[PDB]
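Asker: My sequence and its experimental structure, below.
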Amino acid sequence: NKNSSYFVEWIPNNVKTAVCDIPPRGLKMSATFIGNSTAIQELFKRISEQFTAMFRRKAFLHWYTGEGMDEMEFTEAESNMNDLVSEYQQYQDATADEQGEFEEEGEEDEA
Amino acid sequence: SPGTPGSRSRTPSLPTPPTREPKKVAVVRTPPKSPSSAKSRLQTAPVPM
């Protein structure tokens, strides 16, 4: 109710609960979260860049073609990672609404 | 060369070391292998009506 700006409007009631009667050894009670948030997209935004920073100069790469992979393999693997940046970006701020009925105006254009 | 009567001194003077020579030496040879890449992405979620 508080963190409404942190949930996704087209997935109602965002929780899977489970509850075991049995605590840890010595603990009264405890909790364990799992969350799947678009907010982890930073990792993939940085590592595809920290890797790009290497491929732009082909730095260290000869240790890796040194085991018989191809110079293509690492671009394939960054490009697999770029599409997963689009994957987090496409559910960011997302809506689910009617088609050909509308096209968007905001409230002002000028900064 | 003209000079004193009788025996005169017998002097060679050809300097052994090489002169100035074509060895400039300091030229760029092997820059590290460096490709630029423009890159692109296109968001592709489910889009029904």
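Answerer: Okay, I see it. Residues are numbered from 1 along each chain as shown, chains lettered A, B, ... in the order given.

Asker: Show me the helices in chain A, by range?
Answerer: A:42-55, A:73-91 (DSSP state H).

Asker: what's the most buried one of the ones you listed?
Answerer: Ranked by mean neighbour count, the helices of chain A are led by helix A:73-91 with a mean of 15 (mean count of other CB atoms under 10 Å in any protein chain shown). Any C-beta I mention is one placed from the backbone N, CA and C, and that applies to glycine too.

Asker: Now do that helix: everything it contacts.
Answerer: Helix A:73-91 is contacted from outside by A:8, A:38, A:40-41, A:44-45, A:47-48, A:51-52, A:55, A:61, A:64, B:39, B:41-45, using CB atoms under 8 Å, 6 or more residues apart in numbering or on different chains.

Asker: and if you look at stretch A:28-43?
Answerer: With contact meaning CB under 8 Å, 6+ apart, stretch A:28-43 is reached by A:6, A:23-24, A:85, A:88-89, A:91-92.

Asker: could you redo the last one with a cut-off of 10 Å?
Answerer: Here stretch A:28-43 makes contact (CB atoms under 10 Å, 6 or more residues apart in numbering or on different chains) with A:6-8, A:14, A:16, A:18-20, A:23-24, A:81, A:84-94.

Asker: about what we covered before: tabulate the helices of chain A (a markdown table), appending distance to residue A:28.
Answerer: Formatted as a markdown table, the helices of chain A follow (distance: least, CB to CB, whole Å):
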| stretch | distance to residue A:28 |
| --- | --- |
| helix A:42-55 | 34 |
| helix A:73-91 | 37 |
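
Asker: Not counting residues beside it along the chain, what's closest to residue A:6?
Answerer: Leaving aside its chain neighbours, residue A:6 sits nearest to residue A:37 (7.8 Å; criterion: CB to CB, 6 or more residues apart in numbering or on different chains).

Asker: neighbours around that neighbour, how many?
Answerer: By other CB atoms under 10 Å in any protein chain shown, the residues close to residue A:37 number 11.

Asker: That one and residue B:46, how far apart?
Answerer: Computed as CB to CB, to the nearest Å, the residue A:37 to residue B:46 distance reads 19 Å.

Asker: what's the answer for residue B:14, then?
Answerer: Per CB to CB, residue B:14 is found 91 Å from residue B:46.

Asker: Pull out the buried residues from stretch A:2-16.
Answerer: By neighbour count on 16 or more other CB atoms under 10 Å in any protein chain shown, the buried set for stretch A:2-16 is empty.
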